[PDB]
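What follows is structure_18.tsv (TSV, C-alpha atoms).
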```
chain	number	residue	atom	x	y	z
B	1	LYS	CA	142.90	135.24	141.15
B	2	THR	CA	144.59	133.00	143.81
B	3	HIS	CA	141.55	130.62	143.56
B	4	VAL	CA	139.31	129.52	140.66
B	5	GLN	CA	135.87	127.85	140.87
B	6	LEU	CA	135.94	124.66	138.77
B	7	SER	CA	133.42	121.81	138.23
B	8	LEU	CA	135.51	118.64	137.62
B	9	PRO	CA	134.00	115.67	135.77
B	10	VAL	CA	134.23	112.51	137.94
B	11	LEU	CA	135.42	109.58	135.76
B	12	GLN	CA	135.26	105.79	136.36
B	13	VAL	CA	138.90	104.49	136.47
B	14	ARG	CA	138.16	101.83	133.76
B	15	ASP	CA	136.98	104.55	131.30
B	16	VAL	CA	140.12	106.70	131.59
B	17	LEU	CA	142.06	106.76	128.31
B	18	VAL	CA	145.11	108.78	129.48
B	19	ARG	CA	145.99	107.47	132.91
B	20	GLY	CA	148.36	110.25	134.08
B	21	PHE	CA	149.92	113.59	133.24
B	22	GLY	CA	153.59	112.64	132.60
B	23	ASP	CA	156.79	111.19	133.93
B	24	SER	CA	158.09	113.43	136.77
B	25	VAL	CA	156.55	115.10	139.85
B	26	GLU	CA	157.24	118.56	138.35
B	27	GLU	CA	155.73	117.60	134.93
B	28	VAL	CA	152.53	116.06	136.36
B	29	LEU	CA	151.88	119.09	138.64
B	30	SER	CA	152.56	121.42	135.64
B	31	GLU	CA	150.30	119.45	133.26
B	32	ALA	CA	147.53	119.05	135.90
B	33	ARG	CA	147.47	122.84	136.43
B	34	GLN	CA	147.42	123.48	132.66
B	35	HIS	CA	144.51	120.95	132.12
B	36	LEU	CA	142.63	122.53	135.10
B	37	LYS	CA	143.00	126.01	133.46
B	38	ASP	CA	141.92	124.59	129.97
B	39	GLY	CA	138.87	122.64	131.35
B	40	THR	CA	140.41	119.31	130.20
B	41	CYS	CA	140.97	117.72	133.68
B	42	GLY	CA	138.97	114.84	135.18
B	43	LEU	CA	138.83	113.44	138.72
B	44	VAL	CA	138.86	109.74	139.77
B	45	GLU	CA	137.62	108.96	143.30
B	46	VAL	CA	140.23	106.85	145.13
B	47	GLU	CA	139.08	103.42	146.37
B	48	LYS	CA	140.75	99.99	146.71
B	49	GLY	CA	142.25	99.02	143.33
B	50	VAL	CA	142.06	102.49	141.68
B	51	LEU	CA	145.68	103.79	141.99
B	52	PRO	CA	147.36	100.61	140.61
B	53	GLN	CA	145.20	101.13	137.44
B	54	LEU	CA	146.65	104.67	136.96
B	55	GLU	CA	150.17	105.87	136.10
B	56	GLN	CA	152.62	107.38	138.60
B	57	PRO	CA	153.50	110.06	139.39
B	58	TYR	CA	149.92	110.70	140.70
B	59	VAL	CA	148.40	114.17	141.17
B	60	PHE	CA	145.84	114.37	144.05
B	61	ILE	CA	143.42	117.14	144.92
B	62	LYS	CA	143.42	117.50	148.73
B	63	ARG	CA	141.09	119.62	150.92
B	64	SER	CA	143.06	122.79	151.92
B	65	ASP	CA	140.52	124.14	154.51
B	66	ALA	CA	137.04	123.58	156.18
B	67	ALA	CA	133.52	125.61	151.25
B	68	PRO	CA	132.54	128.85	149.42
B	69	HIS	CA	129.45	128.69	147.09
B	70	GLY	CA	129.47	124.81	147.40
B	71	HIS	CA	133.14	124.68	146.15
B	72	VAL	CA	135.56	122.78	148.48
B	73	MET	CA	138.95	124.58	148.63
B	74	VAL	CA	141.62	122.19	147.30
B	75	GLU	CA	145.30	122.12	146.44
B	76	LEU	CA	147.51	119.80	144.35
B	77	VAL	CA	149.86	117.16	145.92
B	78	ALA	CA	151.90	114.77	143.69
B	79	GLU	CA	153.05	111.28	144.73
B	80	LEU	CA	155.91	109.11	143.31
B	81	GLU	CA	157.09	105.77	144.87
B	82	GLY	CA	155.34	106.56	148.16
B	83	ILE	CA	156.71	110.12	148.61
B	84	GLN	CA	154.34	113.15	148.43
B	85	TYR	CA	155.30	116.65	147.24
B	86	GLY	CA	153.07	119.01	149.12
B	87	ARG	CA	151.25	118.69	152.44
B	88	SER	CA	147.42	119.08	152.59
B	89	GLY	CA	144.14	117.57	153.87
B	90	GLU	CA	141.90	114.64	152.82
B	91	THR	CA	142.14	113.38	149.18
B	92	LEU	CA	139.01	114.22	147.06
B	93	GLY	CA	140.51	112.13	144.22
B	94	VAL	CA	143.29	111.68	141.66
B	95	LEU	CA	143.45	114.01	138.62
B	96	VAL	CA	143.73	112.66	135.06
B	97	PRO	CA	143.45	114.21	131.60
B	98	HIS	CA	139.85	114.37	130.34
B	99	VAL	CA	139.59	113.45	126.63
B	100	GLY	CA	135.76	113.09	126.32
B	101	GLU	CA	135.00	110.23	128.77
B	102	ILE	CA	131.41	110.41	130.10
B	103	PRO	CA	131.42	111.40	133.79
B	104	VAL	CA	129.30	109.88	136.58
B	105	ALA	CA	129.15	113.18	138.55
B	106	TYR	CA	130.78	116.62	138.98
B	107	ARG	CA	132.92	117.75	141.96
B	108	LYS	CA	132.77	121.57	142.56
B	109	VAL	CA	136.19	122.79	143.83
B	110	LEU	CA	137.88	126.13	144.55
B	111	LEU	CA	141.42	125.44	143.25
B	112	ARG	CA	144.34	127.26	144.92
B	113	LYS	CA	146.09	128.41	141.65
```

When written as structure tokens, how does the structure in this file appear?
Amino acid sequence: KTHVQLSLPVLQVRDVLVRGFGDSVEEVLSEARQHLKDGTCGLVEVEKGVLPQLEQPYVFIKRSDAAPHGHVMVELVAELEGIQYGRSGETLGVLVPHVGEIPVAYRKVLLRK
């Protein structure tokens, strides 16, 4: 399927144990997509002070359209030293590995895969 319904655990930035997906734009997009398929991906909501507490390159989920079955359609955009790889809508948050942190909420998305 071109899209997959996922329910992403929303993590507090100070709880995150693994603060990014790797060391290159291509690696972080690759690893993010793998962790999304394996159900091992968390979401951190972006506010003042969040991104400097995480590791670049960043992987964002961005709204791709204006929401089937309660799932917002999203796509992945990476960022490294102020340059983005991909073009999309509003950021829903930054993706991180999930390794058992307790979430505060879930974000239902339809991921363009």

Closest contacts (stretch 11-84 of chain B/stretch 89-105 of chain B, max 6 Å, all atoms listed in the file) as CSV:
```
residue,atom,partner,partner_atom,distance
B:11,CA,B:103,CA,4.8
B:20,CA,B:96,CA,5.3
B:40,CA,B:98,CA,5.0
B:41,CA,B:97,CA,4.8
B:42,CA,B:98,CA,4.9
B:43,CA,B:95,CA,4.7
B:44,CA,B:94,CA,5.2
B:45,CA,B:93,CA,4.4
B:46,CA,B:93,CA,5.4
B:59,CA,B:95,CA,5.6
B:60,CA,B:94,CA,4.4
B:61,CA,B:92,CA,5.7
B:62,CA,B:91,CA,4.3
B:63,CA,B:89,CA,4.7
B:64,CA,B:89,CA,5.7
```

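Nearest-residue note for residue B:38: choosing from B:83, B:6, B:67, B:109, the minimum distance belongs to B:6, counting only C-alpha atoms.
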
Computed gap from atom CA of residue B:39 to atom CA of residue B:54 is 20.4 Å

message: Can you pull out the residues contacting residue B:66? Cut-off 12 Å, using all atoms listed in the file, and skip same-chain residues under 4 positions away; I want them as JSON, numbers by chain.
response: {"B": [62, 70, 71, 72, 73, 74, 88, 89, 90, 110]}

Do a neighbour search on residue B:82 at 12 Å with all atoms listed in the file, toss out local chain neighbours closer than 6 positions, and write the hits as a short mmCIF file (atom, residue, chain, number, x, y, z; two decimals) with C-alpha atoms, in the frame of the given file.
```
data_model
loop_
_atom_site.label_atom_id
_atom_site.label_comp_id
_atom_site.auth_asym_id
_atom_site.auth_seq_id
_atom_site.Cartn_x
_atom_site.Cartn_y
_atom_site.Cartn_z
CA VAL B 25 156.55 115.10 139.85
CA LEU B 51 145.68 103.79 141.99
CA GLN B 56 152.62 107.38 138.60
CA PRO B 57 153.50 110.06 139.39
CA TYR B 58 149.92 110.70 140.70
#
```

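The coordinates place atom CA of residue B:36 at 9.5 Å from atom CA of residue B:4.
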
Using only C-alpha atoms, the shortest atom-to-atom distance to residue B:13 among B:69, B:48, B:107, B:112 belongs to B:48

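Minimum atom-to-atom distance to residue B:9, evaluated using only C-alpha atoms, belongs to B:108 out of B:113, B:75, B:108, B:30.
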
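Note that the spacing between atom CA of residue B:52 and atom CA of residue B:5 amounts to 29.6 Å.
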
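Proximity ranking of B:2, B:7, B:12, B:24 relative to residue B:106 places B:7 first, based on only C-alpha atoms.
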